[PDB]
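Structural overview
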Amino acid sequence: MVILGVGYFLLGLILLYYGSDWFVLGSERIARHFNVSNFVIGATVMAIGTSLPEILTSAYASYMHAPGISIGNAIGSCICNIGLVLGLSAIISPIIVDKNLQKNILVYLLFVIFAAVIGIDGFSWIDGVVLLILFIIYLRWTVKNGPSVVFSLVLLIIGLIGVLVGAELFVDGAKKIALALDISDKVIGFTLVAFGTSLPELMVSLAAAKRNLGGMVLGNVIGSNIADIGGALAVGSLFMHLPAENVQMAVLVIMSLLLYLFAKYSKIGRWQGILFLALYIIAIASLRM
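Residues numbered from 1 in each chain as written, not as in the entry; some residues may be left out. Heavy atoms only, no water.

**Some words on the domain arrangement of the protein chain**
Each assigned domain of the protein chain is listed with its residue range as follows: domain 1 (1-35 + 147-184) and domain 2 (36-146 + 185-289). Centre-to-centre, using C-alpha coordinates, domain 1 lies 20 Å away from domain 2. Taken residue by residue, the interface counts 22 residues in domain 1 and 22 residues in domain 2. When domain 1 packs against domain 2, the two sides together hide about 1800 Å² of surface, and 73% of this comes from carbon and sulfur. It is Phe 23, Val 24 and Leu 164 that lose the most area in domain 1 upon contact with domain 2, and together they represent 26% of the buried surface on that side. Applying the counting rule to domain 1 against domain 2 returns one salt bridge. Residues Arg 211 and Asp 21 are paired through a salt bridge, measuring 2.6 Å at the closest nitrogen-oxygen approach. Inspection of the domain 1/domain 2 interface yields three residue pairs in polar contact. Elements supplying a minimum of two residues to the side of domain 1 that touches domain 2: α1 (2-31) and α6 (151-180). The element contributing the most residues to the side of domain 1 that touches domain 2 is α1, with eleven residues. Split into classes, the residues belonging to the side of domain 1 that touches domain 2 amount to 16 nonpolar, four polar and two charged. (Domains from an automatic or database assignment. Contact = heavy atoms within 4.5 Å. Buried area = accessible area lost by both parts, 1.4 Å probe. Salt bridge = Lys/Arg side-chain N within 4 Å of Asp/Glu carboxyl O. Polar contact = N/O pair within 3.5 Å; in protein donor to acceptor, adjacent residues only side chain to side chain. Helix = DSSP H or I, 4+ residues; strand = E, 2+ residues; numbered from the N terminus. Nonpolar A, V, L, I, M, F, W, Y, C, P; charged D, E, K, R; others polar.)

Right, dumping it as structure tokens:
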């Protein structure tokens, strides 16, 4: 059995490391035959693709009459996107923050503090429909202020496809292997899920940062978080009311904040993502692990 798991792990791991580029590559090749800042493409199309599964999980999950999943993990996916994903991706390649976007960084922030407050009461369908709306509003907005275009499209798709699929196979594999070692859990596997579902977001962000394209990294991180909220989470609330995770919410803000700091106020990189990590570290160290 383990065999097939291992065969997944690799076969995944490869597609992961390849799609991450191919998607980032093909995405930018669109971005520059379409005029959008290597940011915005990441903040829209790429944030969608990466967060695309966590939506279909979130929809399905809350409908299974057990919607605690659709929220508390949809946040780790944001916290990770900053604390870990953005945290590290800074260290490798510092990201330039020009006046064109720090208004946007702050706009994203409001979305957090908004969703954050309206979350204490949990998330009625109402509580949720606002978000899909704002989510859309945020898009036509962020988007308006940014036969050769054939190939790129393929790369984007196939890259994307490969990422998401690889992550499944990878995870699929790394699981059986993890059990074949006899150290199982519905909590390590979990710690490795609030952490291991933005695995795509992680890669596509790292593989972009590999190529000194911080606009993508940021946009990817900013947008995915919104997608995790305005898109994914909010679809969960449609089916059922979602419980209050106000603690993990409290953190997201603090994290989402230190982010806004080094935006209109300074630049991000090496020596900060350390703190994010340190912060992402201390977060897990005592969070709904």
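Next comes the rest of the account.
**As for the packing of aromatic side chains**
Under the defined criterion, the tally for this structure stands at five aromatic pairs. Ring centres 4.8 Å apart and planes at 90 degrees place the aromatic pair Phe 9 and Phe 170 in the edge-to-face group. Arranged with centres 6.3 Å apart and planes meeting at 50 degrees, the rings of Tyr 63 and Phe 239 form a pair that is tilted. Judged by its relative accessible area of 43%, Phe 239 falls in the partly exposed class. (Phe/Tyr/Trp six-rings, centres within 6.5 Å; stacked < 30°, edge-to-face > 60°. Buried < 20%, exposed > 50% of the residue type's maximum accessible area, 1.4 Å probe, protein only.)

**Regarding helix α10 (residues 246-264)**
The end-to-end C-alpha separation of α10 is 28 Å, in line with the 27 Å expected for 19 residues at 1.5 Å each. Of all the residues in α10, the buried ones are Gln 248, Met 249, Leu 252, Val 253, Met 255, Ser 256, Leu 259, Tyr 260 and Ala 263. For α10, the elements touching its buried residues are α3 (68-92), α4 (99-117), α9 (214-239) and α11 (270-285). (Expected span 1.5 Å × (residues − 1).)

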